[PDB]
Amino acid sequence: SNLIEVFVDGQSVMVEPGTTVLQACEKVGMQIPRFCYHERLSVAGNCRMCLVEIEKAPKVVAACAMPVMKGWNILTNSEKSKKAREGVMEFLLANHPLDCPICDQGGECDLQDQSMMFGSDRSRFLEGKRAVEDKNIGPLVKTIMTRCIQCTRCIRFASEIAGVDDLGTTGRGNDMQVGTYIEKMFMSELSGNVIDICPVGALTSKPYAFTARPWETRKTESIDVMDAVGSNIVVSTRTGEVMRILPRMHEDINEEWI
Amino acid sequence: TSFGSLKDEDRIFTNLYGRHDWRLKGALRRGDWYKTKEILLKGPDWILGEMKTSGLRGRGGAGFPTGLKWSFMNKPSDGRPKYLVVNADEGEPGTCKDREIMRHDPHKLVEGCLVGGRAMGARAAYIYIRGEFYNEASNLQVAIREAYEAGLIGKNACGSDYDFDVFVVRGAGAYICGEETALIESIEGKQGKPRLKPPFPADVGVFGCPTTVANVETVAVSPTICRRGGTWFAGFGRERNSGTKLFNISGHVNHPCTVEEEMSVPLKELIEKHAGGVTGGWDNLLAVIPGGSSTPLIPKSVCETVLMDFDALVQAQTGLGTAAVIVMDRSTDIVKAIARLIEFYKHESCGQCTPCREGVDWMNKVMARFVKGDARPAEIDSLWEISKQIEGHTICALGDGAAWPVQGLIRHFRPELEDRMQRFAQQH
Amino acid sequence: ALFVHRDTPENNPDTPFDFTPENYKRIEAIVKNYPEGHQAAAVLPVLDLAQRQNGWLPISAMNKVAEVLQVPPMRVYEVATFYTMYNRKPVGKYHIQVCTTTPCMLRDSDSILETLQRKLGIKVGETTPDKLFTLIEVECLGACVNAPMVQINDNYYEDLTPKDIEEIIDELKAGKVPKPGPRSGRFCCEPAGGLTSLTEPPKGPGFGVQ
Amino acid sequence: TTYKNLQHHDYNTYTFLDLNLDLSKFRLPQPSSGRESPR
Amino acid sequence: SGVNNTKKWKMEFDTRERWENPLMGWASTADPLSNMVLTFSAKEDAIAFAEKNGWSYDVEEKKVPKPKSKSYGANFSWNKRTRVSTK
Ligand SMILES: Cc1cc2nc3c(=O)[nH]c(=O)nc-3n(C[C@H](O)[C@H](O)[C@H](O)COP(=O)(O)O)c2cc1C
Ligand code: SF4
Ligand code: SF4
Ligand code: SF4
Ligand code: FES
Ligand code: FES
């Protein structure tokens, strides 16, 4: 019924047309790495970390954007895919700051976890890094912009969900950076999800600044009372004190936002 | 057979040095717009067949079969317009041909845009030209006005029921905007940032509509190809390298110039029979960047005993590219040359792709150090691995073009780097 | 340079800039070149026209272009910072930009840049006190064959030399304006000394027809 | 024979847009998307 | 964005008083089952264990995300609103 037979490490899958390699791997259970992809935002091909290998194909494709054709077989733990991931992580961490002990995105860092799993264990980068001027864009969101890995999740979230169109990329090349060309403030009813969406600690929450670390928190699952929607929420405590509040996926109410 | 020694009657681009006129009258006296009405009325399929049988290949970047590329858009209408887009953006170093074309033979370009639009069933032809070419674009627009007024363009194109709109569009100083999709985005008003393919412009291109991209040279030769049959063009090169070609010869040559010769022409004959010959002699030469700066380099030992065409240059590992020869000699620092050339790419990168973004600058730094010799040989293989990391894990081909030169240099001039390093070690 | 704006008395939304009437008409004619909807495709030409009204782009001009095209000003700041032909710092009267890419470099654009720095007394990047010349180093431009070259405002001057560029700069320093093109005998791009082709005449309106 | 392309020695900044304006009258009705903008 | 933690069911308890020590300010308790978390591969096994031991249990369902239609081409349409303003 308009379905297609695809292969993931040899195993057959039924998928609808227009479906992507990443989505097929997920339907099998496998999970491709990500920095620029998010189910609820537009698609971009910037991070170059979702790259996998197709049987009988010289070039690696992007799983976030390439719709799966019939008959393809996808090799996820292949030498080519793994070398691509290693190189991309090498490049990402080339110009990253060594701020992990100051970064409140410390025990929650997708970059950390993916460097440990799919990345190498040492650096061949013996050159000088770069540094960026830190913006001020509100009382809630703290910006250390020398940690941005230029994934565009913030820009896309703003343009699409929050309908703001005030974040963007000014410049080009490594000299490029993200934010507003001016001292504008980003104060929306939804400003605060850029924090959960930024894979790194470039955007953080000023209230939660420096108060705790993830492996300390006990997490209970509750709901909002501020409004009459009932947004599903997580309350993260530490030694009997409430430290922060997080969303919790309920795709029929709030779908990862609060 | 043999090749070279092309005749001024088999040449296509007359007025190449502006010794004749470039206006409507001169183009008429040279042959432009002759029988174009019948070329049209024949139908698109006829024209696509001519393209195919001509063995023509893209003259911008990587030569791709124009017949197949244009037939990709030979289709019905899903309810949208369909466009043609000529990338006059000519920013690749060593290339100065599209400028001469646009400022001397603009009527040929107009006619080629019309013919390609008919071949595709299109409606309008946008021409995206560098913003530094102001006078050239002004002359081009003067010619477009001449056409609009005469009646060769617009509603009744040349005596048929085909309506066609030719528009000119300017850039703002970016090399990446030569890319198929970056150009499209810049026209749409966004930044010069490419797209991932698929989708291909044949399906979702400019404004979301089917747009076919092409080059000045290709579109401007299309009409002569059509009115000469294809079997003429075809009979000047190897089975697949058929056609004439524009070669921009510069570097350490006595008389740098821009020439039109037969394909598969030995680079040595191209340097001697034209161009005034290398400076200092044939033995002072050191190496060549044949097909533009993006392409890697080949040394004298290959520059001799070699042809000039996509195949038989692939073998020497330096694709033909834009046919922009940059000659060098024994009085140079190839490391400094290619390092400045990589700094070019570091400045012209757009930004989004991680490998390109964060690695072209890495490589620029490494090469700036290699010049002095502030390194150790163990970094050369690391440079190789980094270039290979960048090559195929990008979006566009700018990373590929920035990687290939380093590969060529490390492959053909490693001892010079090692000696520079040892000399730095000596004079700490 | 910098891709961030701090409001100064010389640059701010209160800075005065509006579009002239004839330029409003030109803007209308430009927008009529793009479909109904998808009219944000004029940002580049409109920004260039604002540069030509005043040779540099202020935040006020950006906001005005945004108000005109109904496009948010972020999608104008992006373009203005991405494309290098835009001047967000006030340029002088003549914007010399010398190609220092490998071809012109090995054909010794370095020496002409030295000549120019010495003459004008100012080094790359900065402008003259009288605000007459602004000097820059730049990448390829489309004159690699006539490699040693410059671009001042919209004109090219090719195959120049120390003496030739000094003469051109003296003519510009006077109230006089020179004529563009190669300054080394050759006309546009032909081989030095003459031609290696096009020695014969062309064919009439009809030939090779089939 | 001598050089001919000597028309650009007198062009001016607003030339290109003046001519684009002159041609706006010759242009043909562009198509439409049924929308003022993507909003 | 990792999902290797939403794959095994877990059983925990209700939380109780957690007060402050006067001496040093630490977190003191009397419930010895506050840090008790058990892992299972099946709700049926979890509930069987709960019944076996004699605990009144609440159960939640596995909130799985929906399949989504993604089209990189939708960001460049000629007629729709999905068109994106920044690439
Ligand atoms: C960095 C970069 C620069 C490019 N520059 C040009 C160019 O200046 N001219 C051009 O025709 N194509 C350029 N291309 C590739 C174009 O996509 C290609 O030449 C064009 O689409 C083919 O047109 P054709 O049908 O005439 O062969 C460039 C590609 C990249 C990645
Ligand atoms: S985002 Fe923070 S925790 Fe993650 S690698 Fe960067 S500095 Fe370290
Ligand atoms: S600030 Fe965060 S979310 Fe925004 S582009 Fe940078 S890494 Fe991505
Ligand atoms: S490879 Fe470089 S220039 Fe090309 S799209 Fe990616 S970031 Fe831009
Ligand atoms: S997840 Fe595919 S490029 Fe980022
Ligand atoms: S290298 Fe200088 S004009 Fe091209």
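For neighbour counting, all protein chains shown are included, and Cβ atoms are generated from backbone atoms with ideal geometry for every residue, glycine included. Values in this text are rule-based calculations from the coordinates and carry no lab data.
Here the spin labels are modelled as points 7 Å beyond Cα on the Cα-Cβ line, and at C:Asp110 and C:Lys89 they lie 2.4 nm apart.
Each of E:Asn79, E:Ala48, E:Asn35 was scored by the projection of its Cα onto the charge dipole of region E:30-86, and the greatest displacement toward the positive side belongs to E:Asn79; charges sit on the C-beta of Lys, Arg, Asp and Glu. Straight-line reach from A:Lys59: which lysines fall under 17 Å, measuring Cα to Cα and dropping same-chain residues less than 8 apart? Cross-link targets: A:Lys80, A:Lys82, A:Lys83, B:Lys197, B:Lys388. Computed about its Cα centre, the charge dipole of region A:75-189 is approximately 420 debye, with only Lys, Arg, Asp and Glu carrying charge at their Cβ. Over the Cα atoms of region B:153-286, each weighted equally, I'd like the Debye log10 I(q)/I(0) at q = 0.14, 0.15, 0.17 Å⁻¹, rounded to two decimals. Relative scattering, expressed as log10 I(q)/I(0), comes to -0.97, -1.03, -1.10.
Take the residue pairs E:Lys10/E:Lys66; B:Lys346/C:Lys89; D:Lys25/E:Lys87 and return only those whose Cα atoms are more than 30 Å apart. Listed pairs above 30 Å: D:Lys25/E:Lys87. Relative to the longest principal axis of the Cα atoms of chain B, helix B:106-120 runs at roughly 70 degrees. Across region B:165-173, computed HN-Hα scalar couplings (Karplus, 6.51 cos²θ - 1.76 cosθ + 1.60, θ = phi - 60°) run 10, 9, 10, 9, 8, 10, x, 9, x Hz from first to last residue, x flagging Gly and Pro.
Ranking C:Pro35, C:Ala50, C:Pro73 by how far each Cα lies toward the positive end of the dipole of region C:17-90 (charges on Cβ) leaves C:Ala50 at the top.
If a spin label sat at a point 7 angstrom from the Cα of D:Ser32 along the line to its beta carbon, the backbone N atoms of region C:25-39 nearer than 12 Å would be those of C:36-37.
Given a Förster distance of 35 Å, report the FRET efficiency between C:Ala1 and B:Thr231 from their Cβ-Cβ distance, rounded to the nearest 0.05. Efficiency, from the Cβ-Cβ distance: 0.05. For C:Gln70 and E:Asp14, the FRET efficiency from 1/(1 + (r/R0)^6), where r spans their Cβ atoms and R0 equals 51 Å, is about 0.35. In chain B, taking the dipole from charged Cβ atoms about the Cα centre, the farthest positive-side position among B:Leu246, B:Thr95, B:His107 is held by B:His107. Cα-Cα pairs above 29 Å in chain A: how many percent? Counting pairs separated by more than 29 Å, the tail of P(r) holds 39 percent. For chain B, set up a Gaussian network in which alpha carbons nearer than 10 Å are linked by springs, and say which option among B:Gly154, B:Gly281, B:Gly291 fluctuates the most. Highest fluctuation among the options: B:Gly281. Principal-axis analysis of the Cα atoms of chain B puts helix B:216-228 at an angle of about 50° to the longest axis.
Charging the Cβ of each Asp and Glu at -1 and of each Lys and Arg at +1, and nothing else, the dipole of region C:17-90 about its Cα centre rounds to 180 debye.
Altogether, the Stokes-Einstein calculation at 37 °C and 0.692 mPa s, with the Kirkwood radius of region A:103-240 over Cα pairs as Rh, returns a diffusion coefficient of 192 µm²/s.
For chain A, a Gaussian network of Cα nodes joined below 10 Å ranks A:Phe186, A:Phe118, A:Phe210 by mean-square fluctuation, and the top entry is A:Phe210.
With the helix formula -39500 (n - 2.57) applied to DSSP H stretches of n ≥ 4, chain B reaches a computed 222 nm mean residue ellipticity of -13000 deg cm²/dmol. Global dimensions of region C:91-196 from alpha-carbon coordinates: Rg and Dmax equal 13.4, 48 Å. Here, region A:1-71 has an Rg and a Dmax of 11.8, 35 Å when only alpha carbons are counted. Placing a pseudo-label 7 Å from each Cα along the Cα-to-Cβ vector at C:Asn54 and A:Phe118 gives an inter-label distance of 4.9 nm. Label-to-label distance for A:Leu126 and A:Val235 is 5.6 nm, based on points extended 7 Å past Cα in the beta-carbon direction.
Evaluated at q = 0.06, 0.07, 0.09 Å⁻¹, a Debye calculation over the C-alpha positions of the protein assembly as shown (equal weights, vacuum) places log10 I(q)/I(0) at -0.49, -0.66, -1.07. The alpha carbons of chain E give a radius of gyration and a Dmax of 23.3, 70 Å, in that order.
Rounded to the nearest 0.05, the FRET efficiency derived from the C-beta distance between E:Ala27 and A:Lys206 at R0 = 22 Å is 0.30. Dipole size of region B:170-235 about its Cα centre, with +1 on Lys/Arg Cβ and -1 on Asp/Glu Cβ: approximately 120 debye, rounded to the nearest 20. Please identify, among B:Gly18, B:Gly91, B:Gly321, the residue showing maximal mean-square fluctuation in a Gaussian network model of chain B using a 10 angstrom Cα cutoff. Looking only at B:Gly18, B:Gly91, B:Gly321, the biggest GNM fluctuation is shown by B:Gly18.
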